[PDB]
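Here is the structure we will look at, set down as structure tokens.
There are 2 protein chains.
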Amino acid sequence: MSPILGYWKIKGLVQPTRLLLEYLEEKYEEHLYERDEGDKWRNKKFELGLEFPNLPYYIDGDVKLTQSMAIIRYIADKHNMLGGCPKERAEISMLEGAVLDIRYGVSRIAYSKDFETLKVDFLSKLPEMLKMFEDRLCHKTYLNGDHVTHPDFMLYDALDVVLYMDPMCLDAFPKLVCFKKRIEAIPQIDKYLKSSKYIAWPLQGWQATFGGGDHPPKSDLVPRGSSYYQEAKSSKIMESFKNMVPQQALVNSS
Amino acid sequence: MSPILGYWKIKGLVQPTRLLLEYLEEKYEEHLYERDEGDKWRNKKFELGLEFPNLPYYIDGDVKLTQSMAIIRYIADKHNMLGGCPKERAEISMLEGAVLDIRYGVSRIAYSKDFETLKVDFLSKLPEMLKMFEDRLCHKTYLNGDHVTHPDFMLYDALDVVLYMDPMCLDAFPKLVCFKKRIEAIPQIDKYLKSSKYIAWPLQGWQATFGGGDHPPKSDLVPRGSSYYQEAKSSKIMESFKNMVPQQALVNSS
Numbered sequence: 001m002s003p004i005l006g007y008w009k010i011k012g013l014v015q016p017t018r019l020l021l022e023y024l025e026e027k028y029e030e031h032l033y034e035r036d037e038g039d040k041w042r043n044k045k046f047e048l049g050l051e052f053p054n055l056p057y058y059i060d061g062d063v064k065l066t067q068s069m070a071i072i073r074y075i076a077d078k079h080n081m082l083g084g085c086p087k088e089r090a091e092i093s094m095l096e097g098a099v100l101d102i103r104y105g106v107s108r109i110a111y112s113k114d115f116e117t118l119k120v121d122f123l124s125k126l127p128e129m130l131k132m133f134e135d136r137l138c139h140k141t142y143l144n145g146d147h148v149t150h151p152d153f154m155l156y157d158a159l160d161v162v163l164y165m166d167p168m169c170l171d172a173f174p175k176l177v178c179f180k181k182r183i184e185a186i187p188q189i190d191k192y193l194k195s196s197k198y199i200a201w202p203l204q205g206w207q208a209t210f211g212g213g214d215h216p217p218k219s220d221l222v223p224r225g226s227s228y229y230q231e232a233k234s235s236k237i238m239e240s241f242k243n244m245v246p247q248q249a250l251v252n253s254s
Numbered sequence: 001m002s003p004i005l006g007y008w009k010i011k012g013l014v015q016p017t018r019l020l021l022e023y024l025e026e027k028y029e030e031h032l033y034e035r036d037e038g039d040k041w042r043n044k045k046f047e048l049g050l051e052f053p054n055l056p057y058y059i060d061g062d063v064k065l066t067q068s069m070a071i072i073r074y075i076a077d078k079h080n081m082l083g084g085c086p087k088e089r090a091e092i093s094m095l096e097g098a099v100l101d102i103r104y105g106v107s108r109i110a111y112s113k114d115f116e117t118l119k120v121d122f123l124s125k126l127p128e129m130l131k132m133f134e135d136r137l138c139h140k141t142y143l144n145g146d147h148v149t150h151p152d153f154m155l156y157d158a159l160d161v162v163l164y165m166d167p168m169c170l171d172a173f174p175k176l177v178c179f180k181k182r183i184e185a186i187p188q189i190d191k192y193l194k195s196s197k198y199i200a201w202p203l204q205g206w207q208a209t210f211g212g213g214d215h216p217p218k219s220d221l222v223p224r225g226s227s228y229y230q231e232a233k234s235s236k237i238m239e240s241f242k243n244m245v246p247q248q249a250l251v252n253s254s
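Chains as they are written, first to last, in the entry's author numbering: chain A, 1 to 254; chain A', 1 to 254. A prime marks a further copy of an entry chain.
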């Protein structure tokens, strides 16, 4: 009810800020520019006294910041979550920098049609960085102890823009499987994803390569069919339109 | 005499931190890994209790940070240069983010041999971002008033990894020409560039595309020849092995 996110309608890029906006129980406004509605952009890029024209952009009134790593920061800081002592914030800084290292490394190849061979250059060179918060998350439930940190919101978004790229990746790391879940566990976030404000696809710009788009989608064939072909078996109370893990064999004929 | 930079021997990437290390009159150690000496790297990446293995890496003892945007930060902060009030640091944050937007946008295409047509996609789409600090730098001598800010060290390095790409670029902006100079003006930096610690080329990794390398170089034909061919004219006290701006005509024969 005052601060304005602006940015766009796309997920990854400013979602980590949005996520963080639910946890703090924060109230704010924001416009979600649209595909060809992005004509509205060029024309409104200046009337808003935007410090250094961009997207994402913030404007809480008493400031019109730009950039994404800072508007989440400043948004955070008001809640004293940036640092404690010189050697404190640098952690949430190193952590920060550590995460964007996956996030950005993902957005850099998802816009050119020369991707498909590129994911095949990081997807098999990133399992090294996924294994850094693995052990970070050990004694400390979260990424910096109990009380969450914004990098806990950037990282959870990380592995959800890379897991859409490879679902088999967050497997050789069960400590992130729990965290990445231990985050959509808090009622604040819990209710947001099932809210009329959560935005799924796209993950990276529109079209892009892995970006693509259609918002809260599905359309094409989904995991399991079955329809009438044989209603029985497989079902053992899911408690989730998700909760998969079946697997069946028999295979081939005679 | 304790803190260790580490990173590498390459300029752009961690130079902005180095620069900032001169201004504060700070004392520190650091290893400058070398080309094929980068074999020393893989093997020493772990014995140093490096929080989240990387390059650049810091280790002042009472901490072994990683990432580059944070080790300069933490290095800065000890001198109370990060922020003042919630809406203060977000500026030096927006500014920060604003600068890496040129710096990174430069390092992203300088490593693939598909560059040459890529610079030709930003070199002609960046003069928009160069014109943001132009007017920022107006009433305020520097980027955030008198007393410098680290983004004043990231930005000066910006236009010196883009000006090596296009010398004709920092021309339609004389306010950055002065700043970019008003920074190598302070004795602290002044003496550093003419020091046995300044590292010129490479700007981006080794080989790369614009990266290349040979350290404090020249080799090939330089601006003006003249030798004996006619010693006279042109010379009007340079006061600098640099200080160019001649231009002569006549052109063609009869």
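Ideal Cβ positions, reconstructed from N, Cα and C, are used throughout, including at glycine.
Under the three-state DSSP convention, the category residue i falls into
i	result
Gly61 (chain A)	strand
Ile4 (chain A')	strand
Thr66 (chain A')	strand
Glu29 (chain A)	strand
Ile75 (chain A)	helix
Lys11 (chain A)	coil
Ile92 (chain A)	helix
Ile199 (chain A')	coil
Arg18 (chain A)	helix
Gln204 (chain A')	coil
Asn43 (chain A')	helix
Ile237 (chain A')	coil
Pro217 (chain A)	coil
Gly105 (chain A)	helix
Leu250 (chain A)	coil
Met132 (chain A')	coil
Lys125 (chain A)	coil
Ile189 (chain A')	helix
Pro223 (chain A')	coil
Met244 (chain A')	coil
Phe153 (chain A)	helix
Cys178 (chain A)	helix
With 16 other Cβ atoms within 10 Å as the buried cut-off, status of residue i
i	result
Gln248 (chain A)	exposed
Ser93 (chain A')	buried
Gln207 (chain A')	exposed
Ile10 (chain A')	buried
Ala185 (chain A')	exposed
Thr141 (chain A')	exposed
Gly6 (chain A')	buried
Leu155 (chain A)	buried
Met81 (chain A)	buried
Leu48 (chain A)	exposed
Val251 (chain A')	exposed
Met132 (chain A')	buried
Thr149 (chain A')	buried
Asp157 (chain A')	buried
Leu143 (chain A')	buried
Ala70 (chain A)	buried
Whole-Å CB distance - residue i paired with residue j, under 8 Å assumed
i	j	result
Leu95 (chain A')	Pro167 (chain A')	Not really, about 25 Å apart at Cβ, beyond 8 Å.
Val161 (chain A')	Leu170 (chain A')	Between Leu170 (chain A') and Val161 (chain A') the Cβ distance is about 12 Å, and since that is not below 8 Å, they are no contact.
residue 256 (chain A)	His215 (chain A)	Absent from the structure is residue 256 (chain A), since the part of chain A shown begins at 1 and ends at 254.
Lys78 (chain A)	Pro86 (chain A')	6 Å
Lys175 (chain A)	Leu123 (chain A)	With 8 Å as the limit, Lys175 (chain A) and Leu123 (chain A) do not qualify as a contact, their Cβ atoms being about 20 Å apart.
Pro3 (chain A)	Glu25 (chain A)	Actually they are not in contact, since the Cβ atoms of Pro3 (chain A) and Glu25 (chain A) sit about 13 Å apart, beyond 8 Å.
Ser234 (chain A')	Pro246 (chain A')	6 Å
Spatial neighbours of residue i in its chain, beta-carbon cut-off 8 Å, leaving aside the 5 residues before and after
i	result
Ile189 (chain A')	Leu19, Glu22, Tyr23 and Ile183
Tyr74 (chain A)	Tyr58, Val63 and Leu65
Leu50 (chain A')	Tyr57, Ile59, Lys64 and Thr66
Same chain only: Cβ atoms within 7 Å of residue i, ignoring 5 sequence neighbours per side
i	result
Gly83 (chain A')	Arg89 and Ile92
residue 292 (chain A')	The displayed coordinates of chain A' run from 1 to 254. Any statement about residue 292 (chain A') would go beyond what the structure contains.
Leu159 (chain A')	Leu170, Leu176 and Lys180
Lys40 (chain A')	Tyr33
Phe173 (chain A')	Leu130, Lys131 and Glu134
Min CB distance residue i to chain D below 8 Å
i	result
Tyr156 (chain A)	Given the protein chain composition of this structure (A and A'), no chain D is represented.
Same chain, Cβ closer than 6 Å to residue i, five either side skipped, listed in chain order
i	result
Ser226 (chain A)	none
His31 (chain A')	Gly6
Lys27 (chain A)	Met1
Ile109 (chain A)	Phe115 and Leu118
Residue i beta carbon near the ligand SAH (any heavy atom closer than 7 Å)
i	result
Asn243 (chain A)	Among the components of this structure there are no ligands whatsoever, and the ligand SAH is therefore not found.
Does the region 237-245 of chain A touch the region 9-22 of chain A', meaning 3 or more C-beta pairs lie closer than 8 Å? The region 9-22 of chain A' vs the region 237-245 of chain A: no contact.
With three or more beta-carbon pairs closer than 8 Å as the criterion, would you say the region 37-52 of chain A touches the region 183-195 of chain A? With the cut-off at 8 Å, the region 37-52 of chain A and the region 183-195 of chain A do not touch.
Three Cβ pairs or more, each shorter than 8 Å: is that satisfied between the region 115-131 of chain A' and the region 52-71 of chain A'? The region 115-131 of chain A', when compared against the region 52-71 of chain A', does not touch it at the 8 Å Cβ threshold.
Determine contact between the region 95-110 of chain A and the region 63-79 of chain A', defined as no fewer than three beta-carbon pairs at a distance below 8 Å. With a cut-off of 8 Å, the region 63-79 of chain A' and the region 95-110 of chain A count as touching, because enough Cβ pairs lie within range.
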